[PDB]
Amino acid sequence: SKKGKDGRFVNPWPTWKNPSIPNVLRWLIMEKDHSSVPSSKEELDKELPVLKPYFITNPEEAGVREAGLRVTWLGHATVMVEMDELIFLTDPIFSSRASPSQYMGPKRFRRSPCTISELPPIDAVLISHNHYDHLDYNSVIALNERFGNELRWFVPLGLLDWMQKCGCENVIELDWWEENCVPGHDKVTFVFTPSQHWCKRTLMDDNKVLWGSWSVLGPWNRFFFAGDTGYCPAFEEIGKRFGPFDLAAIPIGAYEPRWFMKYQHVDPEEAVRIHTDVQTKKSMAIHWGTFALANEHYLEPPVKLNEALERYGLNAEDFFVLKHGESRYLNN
C-alpha cells in the first residue's frame, strides 16, 4: 500500500497520528456534568421523535437487494445498512444504560426504535471500538442467541476472545488496513480502516484492543463507517485507496469540551471535512441524539453541522440527519 498503518507502542496501541495528544481518563470524577439539558416527555418527542421502523409494520420489504442502498438509524452508532444483498448492523446498542454497572452510567434519553427480535435477518455486525456506547454485552448476547454462527462478527484485533467468550464463533479480528468477507456473499468486501479514538472497558485494559473505522466495498454501492474518531489524516488516505464511497456514517456528537474531546472526537465541522476527505456522495450523521457523553447541548450537533455545511459550500442534502428509527433509500 502507501498509507501509514499501525504499529503498536512498546506495549499498547498508539494512534500514530499527530493530532494525538495524551489526555485519556473516564467519566465519574472530572469535566462530566453537562449543558445539554434534556427534559419534558412531549418536548423530547417533539424535538427528538422516535420513529417506528418499517421492518416492523411491514417486514416483507427489507432486502433492498435492488441496486441502491437503504439505511436505518436505530440510535447513536446503531445503523442498519441494507446493501448489495447483505443486511449489516454497526455498533449495536439496544440497552438503556451503556455502563458496566446498572446503578451508574449513561442512560439513553431516546430509546432504541426497534428490538433485536423485530430486527430483520442481520448478516454481519461491525464494531468500531470497545466503548460501552458501542459494545453492549446484553445486545451481543441477544444477537447470537437469535442468529448464531450465521452472524459474521467483524471485530478489531484484541476482541476475538471477548466475542468467543460471550459465545460467538463467526468472528473475524482485523488490524486497520485488513480485509475479509461474508462467506456466502463473498463478492462484497469489508475493510477495517484507521481512526483516532481510544479503547477501554475496565482498568489497565487501556488501548489493549485496536480502534478504527469500517469500509464496506460492495460490487454495486460502497459504505464507510467512521465510528468514534477525531480529525486525523487517514480519512483522505481511505477516500483515496478506496472511494468514492456512496454513504458514510460520521459522528457529530460528544465534542464539548473541545480542549479535551478534540483529539478523540471530531466536531460537526470536522465531520463535514471527513465527508470531503472520504469522498462520499452523502453522509448520515451517527452518535448524538441518543446518549449524553459530553456537555454540549443535545440538540446543538445538528445545528453546528448545518452551520459547517453552509460554511464549506455544501447543502443539507449532502450531509443529512435522520430521525430516530427513520430509514432512507438511496438508489445512487
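For every residue, the number given is its place in the sequence shown, counted from 1.
Would you say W27 goes unmodelled in a third or more of the other compared entries?
Result for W27: often missing, at least a third of the compared entries.
Averaging the C-alpha B factors as listed in the entry, name the stretch that ends up higher: 285-293 or 28-36.
The stretch with the larger average C-alpha B-factor is 28-36.
Look up the CA B-factors in the entry and say which stretch, 58-66 or 294-302, has the higher mean.
Comparing averages over the C-alpha atoms only gives 58-66.
Between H185, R201, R97, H129, let me know which has the highest C-alpha B-factor in the entry?
Highest C-alpha B-factor among the listed options: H185.
With respect to the C-alpha temperature factors reported in the PDB entry, which of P244, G253, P106, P92 ranks highest?
Within the set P244, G253, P106, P92, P244 shows the top C-alpha B-factor.
Name the third of the chain's ranked CA B-factors that contains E43, choosing lowest, middle or highest.
It belongs to the highest third of the chain when residues are ordered by C-alpha B-factor.
In terms of the chain's CA B-factor thirds, is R222 lowest, middle or highest?
For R222, whose C-alpha B-factor we compare with every modelled residue in the chain, the answer is the highest third.
Should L314 be placed in the lowest, middle or highest third of its chain by the C-alpha B factor in the entry?
CA B-factor rank for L314: middle third.
What third of its chain's C-alpha B-factors does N144 belong to: lowest, middle or highest?
Answer is middle: the recorded C-alpha B-factor places it there.
Among all modelled residues of this chain, ranked by Cα B factor, put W153 in the bottom, middle or top third, i.e. lowest, middle or highest.
Middle third.
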